[PDB]
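Shown below: entry17.cif, with mmCIF, C-alpha atoms.
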data_start
loop_
_atom_site.label_atom_id
_atom_site.label_comp_id
_atom_site.auth_asym_id
_atom_site.auth_seq_id
_atom_site.Cartn_x
_atom_site.Cartn_y
_atom_site.Cartn_z
CA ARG W 141 1.25 -86.83 -166.60
CA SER W 142 -1.67 -86.54 -169.02
CA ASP W 143 0.30 -86.43 -172.29
CA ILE W 144 2.64 -89.30 -171.39
CA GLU W 145 -0.34 -91.39 -170.30
CA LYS W 146 -2.09 -90.68 -173.61
CA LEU W 147 1.01 -91.49 -175.67
CA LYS W 148 1.48 -94.77 -173.80
CA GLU W 149 -2.14 -95.70 -174.50
CA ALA W 150 -1.72 -94.74 -178.17
CA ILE W 151 1.25 -97.12 -178.50
CA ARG W 152 -0.79 -99.82 -176.75
CA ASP W 153 -3.54 -99.47 -179.36
CA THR W 154 -1.01 -99.58 -182.19
CA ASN W 155 0.44 -102.81 -180.79
CA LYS W 156 -3.05 -104.31 -180.68
CA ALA W 157 -3.44 -103.37 -184.34
CA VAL W 158 -0.16 -105.15 -185.13
CA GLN W 159 -1.33 -108.20 -183.17
CA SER W 160 -4.48 -108.39 -185.31
CA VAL W 161 -2.26 -108.11 -188.39
CA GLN W 162 -0.13 -110.96 -187.04
CA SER W 163 -3.30 -113.05 -186.75
CA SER W 164 -4.15 -112.17 -190.36
CA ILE W 165 -0.77 -113.44 -191.54
CA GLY W 166 -1.17 -116.67 -189.58
CA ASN W 167 -4.46 -117.36 -191.34
CA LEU W 168 -2.89 -116.43 -194.68
CA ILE W 169 -0.40 -119.25 -194.08
CA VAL W 170 -3.29 -121.66 -193.53
CA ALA W 171 -5.02 -120.53 -196.72
CA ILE W 172 -1.90 -120.94 -198.88
CA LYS W 173 -1.13 -124.32 -197.31
CA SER W 174 -4.71 -125.40 -198.04
CA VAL W 175 -4.26 -124.57 -201.72
CA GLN W 176 -0.98 -126.50 -201.87
CA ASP W 177 -2.47 -129.67 -200.37
CA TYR W 178 -5.46 -129.46 -202.70
CA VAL W 179 -3.21 -129.28 -205.77
CA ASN W 180 -0.85 -132.05 -204.63
CA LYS W 181 -3.46 -134.45 -203.25
CA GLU W 182 -6.48 -133.87 -205.53
CA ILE W 183 -5.41 -132.17 -208.76
CA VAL W 184 -2.08 -133.89 -209.46
CA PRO W 185 -3.40 -137.45 -208.88
CA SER W 186 -6.46 -136.69 -211.01
CA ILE W 187 -4.23 -135.71 -213.94
CA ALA W 188 -1.94 -138.74 -213.54
CA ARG W 189 -4.92 -141.14 -213.59
CA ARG Q 141 13.82 -87.83 -169.16
CA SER Q 142 13.03 -91.40 -168.13
CA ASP Q 143 9.46 -91.61 -169.45
CA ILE Q 144 10.23 -90.01 -172.82
CA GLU Q 145 13.23 -92.32 -173.23
CA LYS Q 146 11.05 -95.34 -172.47
CA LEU Q 147 8.30 -94.24 -174.87
CA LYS Q 148 10.85 -93.69 -177.64
CA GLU Q 149 12.23 -97.18 -177.07
CA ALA Q 150 8.71 -98.63 -177.07
CA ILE Q 151 8.02 -97.08 -180.49
CA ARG Q 152 11.36 -98.44 -181.71
CA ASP Q 153 10.32 -101.97 -180.73
CA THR Q 154 6.94 -101.55 -182.41
CA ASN Q 155 8.65 -100.47 -185.63
CA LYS Q 156 10.86 -103.56 -185.48
CA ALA Q 157 7.69 -105.64 -185.15
CA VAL Q 158 6.27 -103.95 -188.25
CA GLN Q 159 9.53 -104.59 -190.11
CA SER Q 160 9.26 -108.31 -189.35
CA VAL Q 161 5.67 -108.18 -190.60
CA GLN Q 162 6.90 -106.49 -193.78
CA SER Q 163 9.32 -109.39 -194.25
CA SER Q 164 6.44 -111.83 -193.77
CA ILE Q 165 4.45 -110.13 -196.54
CA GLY Q 166 7.44 -110.21 -198.88
CA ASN Q 167 7.73 -113.96 -198.43
CA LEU Q 168 3.97 -114.32 -198.88
CA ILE Q 169 4.41 -112.75 -202.32
CA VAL Q 170 7.05 -115.36 -203.15
CA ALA Q 171 4.79 -118.20 -202.01
CA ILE Q 172 1.81 -117.04 -204.07
CA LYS Q 173 4.01 -116.44 -207.11
CA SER Q 174 5.42 -119.96 -206.70
CA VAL Q 175 1.91 -121.42 -206.83
CA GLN Q 176 1.06 -119.40 -209.95
CA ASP Q 177 4.13 -120.58 -211.86
CA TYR Q 178 3.49 -124.19 -210.85
CA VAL Q 179 -0.07 -124.05 -212.20
CA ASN Q 180 0.85 -122.27 -215.44
CA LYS Q 181 4.04 -124.20 -216.22
CA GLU Q 182 3.30 -127.70 -214.86
CA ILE Q 183 -0.45 -128.20 -214.39
CA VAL Q 184 -1.84 -126.39 -217.44
CA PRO Q 185 0.56 -128.04 -219.95
CA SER Q 186 -0.11 -131.45 -218.37
CA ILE Q 187 -3.85 -131.04 -218.98
CA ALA Q 188 -3.40 -129.80 -222.56
CA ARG Q 189 -1.21 -132.81 -223.45
CA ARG D 141 6.54 -79.55 -175.80
CA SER D 142 9.08 -80.53 -178.46
CA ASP D 143 9.66 -84.14 -177.39
CA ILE D 144 5.97 -84.98 -176.91
CA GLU D 145 5.18 -83.43 -180.29
CA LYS D 146 7.91 -85.52 -181.92
CA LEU D 147 6.76 -88.74 -180.23
CA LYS D 148 3.17 -88.11 -181.31
CA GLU D 149 4.33 -87.61 -184.90
CA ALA D 150 6.44 -90.78 -184.70
CA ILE D 151 3.38 -92.80 -183.66
CA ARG D 152 1.42 -91.19 -186.50
CA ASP D 153 4.00 -92.38 -189.02
CA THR D 154 3.98 -95.88 -187.53
CA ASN D 155 0.20 -96.03 -187.88
CA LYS D 156 0.51 -95.00 -191.53
CA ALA D 157 2.96 -97.87 -191.99
CA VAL D 158 0.43 -100.26 -190.46
CA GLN D 159 -2.29 -98.88 -192.74
CA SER D 160 -0.15 -99.64 -195.79
CA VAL D 161 0.38 -103.14 -194.39
CA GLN D 162 -3.39 -103.48 -193.99
CA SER D 163 -3.76 -102.58 -197.67
CA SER D 164 -1.17 -105.23 -198.54
CA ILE D 165 -3.18 -107.89 -196.70
CA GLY D 166 -6.38 -106.84 -198.45
CA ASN D 167 -4.72 -107.34 -201.83
CA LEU D 168 -3.29 -110.66 -200.65
CA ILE D 169 -6.87 -111.80 -200.07
CA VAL D 170 -7.74 -110.85 -203.66
CA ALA D 171 -4.73 -112.75 -205.02
CA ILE D 172 -5.53 -115.95 -203.11
CA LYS D 173 -9.20 -115.72 -204.06
CA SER D 174 -8.17 -115.30 -207.70
CA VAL D 175 -6.16 -118.53 -207.55
CA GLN D 176 -9.09 -120.40 -205.97
CA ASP D 177 -11.57 -119.33 -208.66
CA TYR D 178 -9.10 -120.22 -211.41
CA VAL D 179 -8.66 -123.75 -210.04
CA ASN D 180 -12.38 -124.34 -209.44
CA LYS D 181 -13.70 -122.76 -212.64
CA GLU D 182 -10.95 -123.49 -215.19
CA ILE D 183 -8.72 -126.33 -213.97
CA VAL D 184 -11.26 -128.66 -212.34
CA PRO D 185 -13.74 -128.57 -215.27
CA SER D 186 -10.89 -129.12 -217.73
CA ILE D 187 -9.88 -132.30 -215.91
CA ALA D 188 -13.45 -133.60 -215.65
CA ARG D 189 -14.01 -133.15 -219.40
CA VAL A 449 3.83 -138.27 -216.20
CA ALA A 450 6.64 -136.07 -214.87
CA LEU A 451 4.52 -133.98 -212.47
CA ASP A 452 6.25 -133.60 -209.11
CA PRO A 453 4.27 -132.00 -206.26
CA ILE A 454 4.80 -128.39 -205.25
CA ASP A 455 6.42 -127.89 -201.84
CA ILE A 456 6.79 -124.38 -200.43
CA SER A 457 6.52 -125.46 -196.77
CA UNK A 458 10.81 -123.64 -196.99
CA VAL A 459 9.17 -120.12 -197.46
CA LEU A 460 6.07 -120.90 -195.38
CA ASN A 461 8.00 -121.95 -192.26
CA UNK A 462 10.50 -118.21 -193.52
CA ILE A 463 6.97 -116.54 -192.87
CA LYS A 464 6.04 -118.44 -189.71
CA UNK A 465 10.38 -117.27 -188.44
CA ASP A 466 9.35 -113.61 -189.37
CA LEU A 467 5.97 -113.82 -187.64
CA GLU A 468 7.03 -115.45 -184.35
CA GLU A 469 10.30 -113.45 -183.98
CA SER A 470 7.29 -109.87 -184.82
CA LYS A 471 5.34 -111.39 -181.92
CA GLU A 472 8.29 -111.98 -179.53
CA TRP A 473 9.28 -107.35 -180.45
CA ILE A 474 5.57 -106.89 -179.70
CA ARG A 475 5.81 -108.50 -176.25
CA UNK A 476 9.68 -105.98 -176.27
CA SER A 477 7.22 -102.92 -176.70
CA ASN A 478 4.38 -103.96 -174.37
CA UNK A 479 7.97 -104.92 -171.56
CA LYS A 480 8.65 -101.10 -172.02
CA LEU A 481 5.00 -100.03 -171.71
CA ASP A 482 4.40 -102.07 -168.54
CA UNK A 483 8.50 -100.00 -167.57
CA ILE A 484 6.31 -96.78 -167.70
CA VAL V 449 -14.52 -138.02 -211.18
CA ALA V 450 -14.59 -137.32 -207.44
CA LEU V 451 -13.00 -133.85 -207.57
CA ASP V 452 -14.88 -131.41 -205.34
CA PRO V 453 -13.93 -127.72 -205.54
CA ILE V 454 -11.72 -126.08 -202.93
CA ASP V 455 -13.48 -123.52 -200.72
CA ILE V 456 -11.45 -121.49 -198.21
CA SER V 457 -13.73 -118.42 -198.36
CA UNK V 458 -14.10 -119.75 -193.91
CA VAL V 459 -10.38 -118.64 -193.39
CA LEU V 460 -10.50 -115.83 -195.96
CA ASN V 461 -13.50 -114.05 -194.40
CA UNK V 462 -11.12 -115.14 -190.53
CA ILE V 463 -8.50 -112.80 -192.36
CA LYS V 464 -10.92 -110.13 -193.59
CA UNK V 465 -12.45 -110.33 -189.18
CA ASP V 466 -8.71 -109.82 -188.17
CA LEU V 467 -8.10 -107.06 -190.71
CA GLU V 468 -11.24 -104.97 -190.15
CA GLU V 469 -11.26 -105.35 -186.32
CA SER V 470 -6.74 -104.02 -186.94
CA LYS V 471 -8.30 -101.11 -188.84
CA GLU V 472 -11.08 -100.25 -186.32
CA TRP V 473 -7.47 -100.24 -183.13
CA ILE V 474 -5.77 -98.05 -185.76
CA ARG V 475 -8.60 -95.50 -185.83
CA UNK V 476 -8.31 -96.31 -181.29
CA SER V 477 -4.61 -94.96 -181.68
CA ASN V 478 -5.16 -92.10 -184.13
CA UNK V 479 -8.69 -91.20 -181.23
CA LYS V 480 -5.77 -90.88 -178.65
CA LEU V 481 -3.44 -88.95 -180.98
CA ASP V 482 -6.12 -86.43 -182.01
CA UNK V 483 -6.71 -86.58 -177.35
CA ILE V 484 -3.13 -85.03 -177.38
CA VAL U 449 -8.30 -126.57 -225.05
CA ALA U 450 -9.28 -123.04 -224.03
CA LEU U 451 -7.18 -122.85 -220.85
CA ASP U 452 -5.36 -119.53 -220.62
CA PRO U 453 -2.77 -119.10 -217.85
CA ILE U 454 -3.54 -117.19 -214.67
CA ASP U 455 -1.67 -113.89 -214.29
CA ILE U 456 -2.01 -111.90 -211.06
CA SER U 457 1.49 -110.37 -211.24
CA UNK U 458 -1.27 -106.63 -211.46
CA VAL U 459 -2.25 -107.27 -207.73
CA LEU U 460 1.10 -108.77 -206.74
CA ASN U 461 3.18 -105.80 -207.92
CA UNK U 462 -0.36 -103.54 -205.87
CA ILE U 463 1.10 -105.54 -202.79
CA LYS U 464 4.80 -105.03 -203.50
CA UNK U 465 3.47 -100.59 -204.06
CA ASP U 466 1.79 -100.96 -200.54
CA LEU U 467 4.78 -102.73 -198.99
CA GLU U 468 7.59 -100.50 -200.29
CA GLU U 469 5.69 -97.19 -199.81
CA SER U 470 5.00 -99.10 -195.52
CA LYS U 471 8.80 -99.44 -195.52
CA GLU U 472 9.65 -95.94 -196.85
CA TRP U 473 6.72 -94.46 -193.32
CA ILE U 474 8.80 -96.86 -191.21
CA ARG U 475 12.11 -95.19 -192.12
CA UNK U 476 9.43 -91.48 -191.50
CA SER U 477 9.02 -92.87 -187.82
CA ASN U 478 12.56 -94.10 -187.13
CA UNK U 479 13.62 -89.95 -188.98
CA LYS U 480 11.50 -88.68 -185.95
CA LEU U 481 12.97 -91.12 -183.41
CA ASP U 482 16.59 -90.37 -184.40
CA UNK U 483 14.77 -86.05 -184.10
CA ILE U 484 14.42 -87.02 -180.34
#

Structure rendered as structure tokens:
Amino acid sequence: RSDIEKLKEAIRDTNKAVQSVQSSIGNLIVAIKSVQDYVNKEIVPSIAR
Amino acid sequence: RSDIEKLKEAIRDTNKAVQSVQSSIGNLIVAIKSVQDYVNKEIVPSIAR
Amino acid sequence: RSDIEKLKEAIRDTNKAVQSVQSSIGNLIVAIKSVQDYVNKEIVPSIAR
Amino acid sequence: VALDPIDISXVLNXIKXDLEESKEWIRXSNXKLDXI
Amino acid sequence: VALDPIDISXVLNXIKXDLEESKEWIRXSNXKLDXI
Amino acid sequence: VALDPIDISXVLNXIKXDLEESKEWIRXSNXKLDXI
């Protein structure tokens, strides 16, 4: 009863670590998208003018 | 027999979640590489001309 | 004693996989930051000159 | 003069697919943990 | 002429938050594994 | 005039190292699960 409880709690902590990783990837998407919009909306028009 | 089976299946699902994360990172590499090539092959030559 | 040992070692390997993923994300931060500095310090001044 | 914009919003929405279908196995594991 | 620099070092230091507080649950799991 | 190209394909192939050697522990865990 003690070892199975501990293993279950260990898997729970690992899942929480994966969830934080999932949040990291979501913010990485925002960062890359921010760079794209900056190039298309600020850099490219500045070169064409 | 029931608890160990369930724990094993829980770890299997966690690994599948990590595998999907690994696929996310692989595509993140492609996205960043795409931005690099666009800057080096389209932006930089447009400024030097 | 054999199944609990094996499950514990399986979780240990999964955590090591997450740790390698965490290292991937850390390097992704460096790559994105490198692109930002290149745009702000090399591209933007080249367009303004 | 021939500078088309970059559009990777294809691979980005590929990442956002991989991430949501990770999150929906995570909720799979935590299903089997709440099973115990 | 009106080209301000891009600054996402806000979301980047958001990612670096998520990553450190992942690493500090990982050391949580490996606490319970070293428990067994 | 003095604009050299950016090359981070160093850190990118660092990420692709970390990712492949994650995938080859994942196949490690799923080894011990197929053990049970």

Check what the PyMOL selection byres ((chain W and resi 160) around 8) selects in the file above and give those residues as a list in words.
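Those residues are residues 156, 157, 158, 159, 161, 162, 163 and 164 of chain W; 466, 467, 469 and 470 of chain V.
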
Find the residues around range 145-154 of chain Q up to 7 Å (only C-alpha atoms counted), leave out those fewer than 4 positions away in its own chain, and share them as an mmCIF file with C-alpha atoms, keeping the file's coordinate frame.
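That gives us out-v2.cif:
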data_model
loop_
_atom_site.group_PDB
_atom_site.id
_atom_site.type_symbol
_atom_site.label_atom_id
_atom_site.label_comp_id
_atom_site.auth_asym_id
_atom_site.auth_seq_id
_atom_site.Cartn_x
_atom_site.Cartn_y
_atom_site.Cartn_z
ATOM 1 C CA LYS W 148 1.480 -94.770 -173.800
ATOM 2 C CA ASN W 155 0.440 -102.810 -180.790
ATOM 3 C CA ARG Q 141 13.820 -87.830 -169.160
ATOM 4 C CA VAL Q 158 6.270 -103.950 -188.250
ATOM 5 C CA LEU D 147 6.760 -88.740 -180.230
ATOM 6 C CA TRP A 473 9.280 -107.350 -180.450
ATOM 7 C CA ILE A 474 5.570 -106.890 -179.700
ATOM 8 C CA UNK A 476 9.680 -105.980 -176.270
ATOM 9 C CA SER A 477 7.220 -102.920 -176.700
ATOM 10 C CA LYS A 480 8.650 -101.100 -172.020
ATOM 11 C CA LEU A 481 5.000 -100.030 -171.710
ATOM 12 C CA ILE A 484 6.310 -96.780 -167.700
ATOM 13 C CA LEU U 481 12.970 -91.120 -183.410
#

Separation of CA of residue 167 in chain W and CA of residue 168 in chain D, in Å?
11.5 Å

Report the residues retrieved by the PyMOL selection byres ((chain A and resi 454) around 9) from the displayed file, expressed as a list in words.
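For this structure, the PyMOL selection byres ((chain A and resi 454) around 9) captures residues 176, 177, 179 and 180 of chain W; 174, 175 and 178 of chain Q; 452, 453, 455 and 456 of chain A.
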
Please return the superposed copy of chain V as a compact mmCIF listing (two decimals) with C-alpha atoms, keeping the file's coordinate frame; the fit should be least squares onto chain U across all sequentially paired Cα atoms.
# COMPACT_ATOMS: atom_id res chain seq x y z
CA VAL V 449 -8.30 -126.57 -225.05
CA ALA V 450 -9.28 -123.04 -224.04
CA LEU V 451 -7.19 -122.85 -220.85
CA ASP V 452 -5.36 -119.53 -220.63
CA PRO V 453 -2.77 -119.10 -217.85
CA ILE V 454 -3.55 -117.19 -214.67
CA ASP V 455 -1.67 -113.89 -214.28
CA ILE V 456 -2.01 -111.90 -211.05
CA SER V 457 1.49 -110.37 -211.24
CA UNK V 458 -1.27 -106.62 -211.46
CA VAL V 459 -2.26 -107.27 -207.73
CA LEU V 460 1.10 -108.78 -206.74
CA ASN V 461 3.19 -105.80 -207.92
CA UNK V 462 -0.36 -103.54 -205.87
CA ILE V 463 1.10 -105.54 -202.78
CA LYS V 464 4.81 -105.03 -203.50
CA UNK V 465 3.47 -100.59 -204.05
CA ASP V 466 1.80 -100.96 -200.54
CA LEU V 467 4.78 -102.73 -198.99
CA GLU V 468 7.59 -100.51 -200.29
CA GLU V 469 5.69 -97.19 -199.81
CA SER V 470 5.00 -99.10 -195.51
CA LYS V 471 8.79 -99.44 -195.52
CA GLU V 472 9.65 -95.93 -196.85
CA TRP V 473 6.72 -94.46 -193.32
CA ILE V 474 8.80 -96.86 -191.21
CA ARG V 475 12.11 -95.19 -192.12
CA UNK V 476 9.43 -91.48 -191.50
CA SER V 477 9.02 -92.87 -187.82
CA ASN V 478 12.56 -94.09 -187.13
CA UNK V 479 13.62 -89.95 -188.98
CA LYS V 480 11.50 -88.68 -185.95
CA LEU V 481 12.97 -91.12 -183.42
CA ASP V 482 16.59 -90.37 -184.39
CA UNK V 483 14.77 -86.04 -184.10
CA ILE V 484 14.43 -87.02 -180.34

Mind giving me the straight-line distance from CA of residue 471 in chain A to CA of residue 166 in chain W in Å, one decimal?
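Taking CA of residue 471 in chain A and CA of residue 166 in chain W, their separation equals 11.4 Å.
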
Enter the distance from CA of residue 165 in chain D to CA of residue 465 in chain A, in Å, rounded to one decimal.
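Atom-to-atom, CA of residue 165 in chain D and CA of residue 465 in chain A are spaced 18.4 Å apart.
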
Give me the residues within 9 Å of residue 186 in chain D as a PyMOL selection string, counting only C-alpha atoms and dropping any in the same chain fewer than 3 places off.
(chain Q and resi 187-188) or (chain D and resi 181-183+189) or (chain U and resi 449-451)
